[PDB]
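Chemist: sequence below, structure please.
(4 chains, ligands or ions: 11)
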Amino acid sequence: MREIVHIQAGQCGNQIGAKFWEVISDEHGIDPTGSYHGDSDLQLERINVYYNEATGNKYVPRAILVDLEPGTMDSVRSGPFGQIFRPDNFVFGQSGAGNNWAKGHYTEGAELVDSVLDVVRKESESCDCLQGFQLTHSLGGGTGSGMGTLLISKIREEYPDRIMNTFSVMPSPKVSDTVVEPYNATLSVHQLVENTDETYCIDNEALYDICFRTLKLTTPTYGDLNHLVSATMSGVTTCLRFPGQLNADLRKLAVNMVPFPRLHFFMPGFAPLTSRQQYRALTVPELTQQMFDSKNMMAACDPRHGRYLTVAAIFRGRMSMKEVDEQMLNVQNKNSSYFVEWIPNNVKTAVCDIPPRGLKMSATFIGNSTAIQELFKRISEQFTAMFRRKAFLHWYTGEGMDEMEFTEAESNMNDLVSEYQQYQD
Amino acid sequence: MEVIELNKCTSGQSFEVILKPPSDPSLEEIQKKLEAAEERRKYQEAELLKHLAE
Amino acid sequence: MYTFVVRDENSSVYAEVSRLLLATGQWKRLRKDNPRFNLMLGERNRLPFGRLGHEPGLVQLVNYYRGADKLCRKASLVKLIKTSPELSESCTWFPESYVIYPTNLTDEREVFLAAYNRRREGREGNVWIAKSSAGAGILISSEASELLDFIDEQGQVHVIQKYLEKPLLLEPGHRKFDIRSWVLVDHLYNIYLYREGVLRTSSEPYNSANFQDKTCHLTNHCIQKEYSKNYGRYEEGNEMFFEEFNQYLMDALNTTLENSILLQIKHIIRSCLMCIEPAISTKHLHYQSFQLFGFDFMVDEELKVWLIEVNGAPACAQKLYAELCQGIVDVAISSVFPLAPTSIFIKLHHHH
Amino acid sequence: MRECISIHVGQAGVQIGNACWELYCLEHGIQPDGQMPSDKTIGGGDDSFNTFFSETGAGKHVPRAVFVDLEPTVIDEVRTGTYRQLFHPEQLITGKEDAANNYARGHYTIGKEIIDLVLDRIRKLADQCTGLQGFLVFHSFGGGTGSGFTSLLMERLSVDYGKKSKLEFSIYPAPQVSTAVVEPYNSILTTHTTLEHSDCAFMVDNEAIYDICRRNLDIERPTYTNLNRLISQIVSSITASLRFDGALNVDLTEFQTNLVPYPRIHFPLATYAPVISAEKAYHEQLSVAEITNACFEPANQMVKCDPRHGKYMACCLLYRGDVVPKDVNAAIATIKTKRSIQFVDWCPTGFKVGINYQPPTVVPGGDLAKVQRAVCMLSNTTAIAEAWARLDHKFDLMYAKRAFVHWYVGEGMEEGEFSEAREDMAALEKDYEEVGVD
Ligand SMILES: Nc1nc2c(ncn2[C@@H]2O[C@H](COP(=O)(O)OP(=O)(O)OP(=O)(O)O)[C@@H](O)[C@H]2O)c(=O)[nH]1
Ligand SMILES: Nc1ncnc2c1ncn2[C@@H]1O[C@H](COP(=O)(O)OP(=O)(O)CP(=O)(O)O)[C@@H](O)[C@H]1O
Ligand SMILES: Nc1nc2c(ncn2[C@@H]2O[C@H](COP(=O)(O)OP(=O)(O)O)[C@@H](O)[C@H]2O)c(=O)[nH]1
Ligand SMILES: CCNc1ccc(S(C)(=O)=O)cc1F
Ligand SMILES: CCNc1ccc(S(C)(=O)=O)cc1F
Ligand SMILES: [Ca+2]
Ligand SMILES: [Ca+2]
Ligand SMILES: [Ca+2]
Ligand SMILES: [Mg+2]
Ligand SMILES: [Mg+2]
Ligand SMILES: [Mg+2]
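Modeler: Residues are numbered from 1 along each chain as shown, chains lettered A, B, ... in the order given. Ligands and ions are numbered 1, 2, ... in the order given. Shown next is the structure:
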């Protein structure tokens, strides 16, 4: 009984979190009112990992919904599976964070953080053996970014030896809400470098390019981007939610994916990504080629610009596990110049029989690549372009922050880039 | 090619063939190791808490 | 896309094989430390055989037979011939040899002397030659006292074998020579003899009354081109190829190279390689081996062929690198990793 | 009669234990409920099989075994499995969360908190023994429990049972059936600290078992059940002498006497034949010479390596089935004149032969076909040092960058223990080379 406590914070965090629970609830046979109606025991095998069992065989997600304004969480409570969440697990304020990291981290967010921890503590106290935590949020806003990283810091203080995992949406000028997103992302990245064991980096630009170019969506919306994220989240957690020839908890994954404590930022992806030629069967070679294709990854980083420290691949559906090993060993033994040669056998493969809704088979990609430094370089350049002129800083100094704290966050991320650069050579 | 020490019983037999002649830490010391590593864990966790308190 | 690594930068043979492999556009060269390779062009010494054939899904091939050193080491070869019933101590095509450890270190010092004293008493030619694998240091003499004293001044194992006092001398010139044969053994243990050989001839007249001057007794290409004054007179680089040497044997001796010499060479090659097959075969192994061998022979005035030594990392004649190297890729590499005639080799069939 | 206590540590140890004790029962005629109709002495007796099974007053034959794992999901299968009735709850020990493939976590962090409980449960079994021989310890190299907690247990067992022999069955890590990347660290760490505590250890390389299952059993993608039922046949061949009437390897001390003349070089190579697919129409039954000759084929070795290029220090031939000495000596003679069997000059060139007339037992519905005769060859070869070289090389590639080291230091281990353990392996490889190479 290795329970995971899920936390979603801010607009982005709660809208992506909502879709996540919608997806896996369908995969586990849980209906919008928390009643099970599946047809396979594999659905209830590891169901307790993400769900609490209440009276009357009801399953309630072990989820905590956090925000500094009520709007987004009112939508969730009115959304498809809104009734499935615990009413007490909604923790929200009224002021908002104004897309301001200082507000989420130091002022508005500090006022609300204790009540969130009360819910976290209450969920942990009912876990037979808490695996760890996962947080969904963006880094470009104020609540998910500023208050999210504050939450992580206080969770680490209270549960120092639990695994802290996040799905972090990185901002992009192409899919931007405000100009201060580089400020908020740079401030959060340092928090994550210190206080998370694994962070799945999701770039909104990659999500846009996939919806536009691959999925042929003329005008992608945030909902379309969230379809990809919820799908990706289902893929990476398949290892944990279903049974198979793998006994892997969050700490075991971290031990085999994170060779150095600060380089724990992953590029995720999956296949297929098909536009509506959607009923065709996808062969294992096709699944494997696409999964390793940069167009199928959501960090907007070209892996051919760096080297893979570790790679994990999860295949779902009834397929040839023999043919999988052949195609996987075909991608490595055909591009070994992109895998570091000083971590033997650093590409691992897992199979899950239960495929996603509406797909015969799929493949989820989780890469720890030094090419992720391109993402942090983009943020750093945008940050510096404004910070050199001290542009928009008054929104932050007005919340008690000082320029010195920005200078240090800038140095911290430039150091992180230099760290990736030395392991790429 | 000699056969020596042939032993036979109801459930089997065994023998030997020669083709050619020839030409700790005490209980206390383990406890110190276990406690030593435990202390280093406490020191590391104290520095983390000191970091978080700052 | 096949992958290979190069771990012997000093190999002229496999430098050409590596050059050809890349030319096909279907082979990729990896860093010498990348374990995910199909083909290893390994180092000469301490090749890590124990690390081959353990990469999942990779069929791996190495250009050296583990254990072939027993044949390509001076001391080992003598021991192999004397102790192997397939070759026996009565082997007729290998000169009488003895393993002699320097006194500053089994050893055959006494056995050698017993045979020596017999020749001295029987008025028979008692001229021997001493050598070792730690040489560029060779000594030819008729007195046993000088031979042994030379080994003690050194610190490595030596071997003393009978010196062919009646070598076949080419005319004109009255000069010595030795024959080099290249042999390729593939993963299936087929023995391929390169159709092209080379005679490394001495450009000096053979003199049997003065072994102090080793320029007319040693036919090594480095000694003739460094200590000989008539280098390149009769043939370019003191290298006569089979076509010329065969024509000579017809005009002079009224015989062919095939009948008078090549039959014995093929027999000697088969005997040596078949003998060690059970010890070095990779038939039922987790990795596959092949290797190119350089056999060195001597011919006496009776047209009897003598085996001198076997080299496990031979160089090739400049004029024969292209043909032979391409041949290595065809039968040894592409036979295991096929790409997307009239063979240059002569298959010496045998029972496995 | 002298008792043997089996200890199964971590996932690999526990699941291999399931296959072995299943096979033991089928070999001795014990039912899943523990009853043994052939045993005419009810609630007692000192028969050969009593070295591995105790007896209750009600006639239940209870394995002298302890299953230990830091996480409960693997042992919970035993608690509800076919043979749930064989063991009582005190024999199955499970913690809450595992070692996460982290040697330091299993040895120090978690190991320190449960080691006393495990010893207490072992002490209970020992108290039922009137003449305990020692322990058989099953575990993986790569698992954080199999590596880290086993080494701690071995240290304590040497303290509490200083005069008792300890043998190992260790699973050597192979990438084809592992999703871990740090197993070379765990293997070297546990071998260093366990070396001075194990009298004899049988390494099984999963790569070898995997290939035998694909090659001989035509299993395209073998599972843990396929691998473990094959491993348990080899384990049974090795331990059959302790459970059946005989005169060769009759007690644990004899394994070191017959296979380990030098204490540190205590890793015999195991070779087994024949392995025939049950799905085959009907295989031609192999002869003594043919199965004996197969003991010198690299393809049926528990660890892939080339014994032609090592030296033998000892050699046992363990036959089960229709085998008489006349046929063994005849086959051995033929193998000397064909194979390259080089013994060390300070060891006699000879074989100790054991014959058990009961042929190999096969689990119903399993993958292995019933054979009229089989052999397991135990030979102490320097060639097995290839497995140390391979493993040590993978260690060096990662440790040069200090990859993953922080996970171990974070659990209270000092980095110095890495290099200390690696230097011990470098000396172990030197010892092998001094004995084998000229
Ligand atoms: N032959 C065989 N090998 C196994 C089996 N189970 C695991 N392994 C191998 O053991 C290694 C993994 O270690 P485990 O034994 O599973 O881990 P553990 O001992 O339970 O320790 P933890 O890290 O706490 O889980 C890998 O090399 C696996 O291939 C098994 O049932 N049979
Ligand atoms: N028993 C013998 N009788 C006559 N000549 C001999 C001889 N042993 C060696 N030689 C001469 O020595 C030369 C070969 O020497 P050897 O091969 O033993 O040394 P080496 O191995 O350093 C040269 P390589 O390996 O390149 O052929 C030949 O040219 C031959 O003429
Ligand atoms: N993928 C995705 N990104 C979003 C969504 N909503 C906001 N974002 C991104 O998140 C950042 C704004 O943060 P937001 O979550 O709205 O602020 P917060 O509520 O204060 O945490 C910008 O980079 C947006 O592009 C969403 O629903 N999906
Ligand atoms: C409509 C497509 N949905 C979907 C696709 C893939 C996966 S995945 C990453 O393979 O788990 C999950 C999904 F929900
Ligand atoms: C009679 C039960 N036998 C058995 C059970 C489990 C395993 S397992 C999956 O390898 O743990 C092997 C077995 F042989
Ligand atoms: Ca306020
Ligand atoms: Ca009884
Ligand atoms: Ca001891
Ligand atoms: Mg917003
Ligand atoms: Mg030479
Ligand atoms: Mg485990």
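
Chemist: tell me, how many residues neighbour the closest residue to chain D within chain C?
Modeler: Relative to chain D, the nearest point of chain C is residue C:50 (3.4 Å; C-beta to the nearest C-beta). Heads up, the C-betas are built off the backbone N, CA and C, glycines and all. By other C-beta atoms under 10 Å in any protein chain shown, 21 other residues sit near residue C:50.

Chemist: surely it forms part of a strand?
Modeler: No: assignment of residue C:50 by DSSP: H, G, I helix; E, B strand; the rest coil gives helix, placing it outside any strand.

Chemist: which residues touch it?
Modeler: By C-beta atoms under 8 Å, 6 or more residues apart in numbering or on different chains, the residues touching residue C:50 are D:305-306, D:385-386, D:389-390.

Chemist: again with residue A:130
Modeler: A:2-5, A:124, A:159, A:162.

Chemist: what residues of whichever strand or helix holds it count as buried?
Modeler: Following DSSP states H and E, one finds residue A:130 within strand A:129-138. Residues of strand A:129-138 classed as buried: A:130-138 (neighbour count, 16 or more other C-beta atoms under 10 Å in any protein chain shown).

Chemist: is any residue of the next helix or strand after that strand near ligand 3?
Modeler: Next helix or strand after strand A:129-138 toward the C-terminus (DSSP H and E): helix A:148-158. No: using C-beta under 6 Å from any ligand atom, helix A:148-158 stays clear of ligand 3, coming no nearer than 7.3 Å.

Chemist: my guess is residue D:240 contacts residue D:321, does it?
Modeler: No: at 11.6 Å, residue D:240 and residue D:321 do not qualify as touching, with contact defined as C-beta atoms under 8 Å.

Chemist: who has more neighbours, the two?
Modeler: residue D:240 (24 against 19).

Chemist: how far away from the center of its chain is the helix or strand that contains that one?
Modeler: Element membership of residue D:240, judged by DSSP H and E, is helix D:224-243. Put simply, helix D:224-243 sits 8 Å off its chain's centre (C-alpha atoms, centre = their mean, to the nearest Å).

Chemist: what does stretch A:336-346 give?
Modeler: Computed by C-alpha atoms, centre = their mean, the chain-centroid distance of stretch A:336-346 equals 25 Å.

Chemist: same question for stretch C:123-142.
Modeler: Taking C-alpha atoms, centre = their mean, the mean C-alpha location of stretch C:123-142 is offset from the chain mean by 18 Å.

Chemist: then stretch C:249-258?
Modeler: On C-alpha atoms, centre = their mean, the centre of stretch C:249-258 falls 25 Å from that of its chain.

Chemist: could you do stretch D:212-229 as well?
Modeler: 18 Å.

Chemist: quick revisit: tell me which of the contacts of residue C:50 fall in strands.
Modeler: Taking DSSP state E as the definition of strands, the contacts of residue C:50 contribute nothing to them.

Chemist: from residue D:311, how far off is residue A:92?
Modeler: Residue A:92 sits 75 Å away from residue D:311, taking C-beta to C-beta, to the nearest Å as the criterion.

Chemist: before we move on, what about residue D:224?
Modeler: 35 Å.

Chemist: of the two, which one has the most company?
Modeler: Higher neighbour count among residue D:224 and residue D:311: residue D:311, with 20 against 17, using other C-beta under 10 Å.

Chemist: tell me who's in contact with residue C:32.
Modeler: Contact partners of residue C:32, counting by C-beta under 8 Å, 6+ apart, are C:5-7.

Chemist: among the residues you listed, which ones lie close to ligand 4?
Modeler: Among these, no residue is within reach of ligand 4 (C-beta under 6 Å from any ligand atom).
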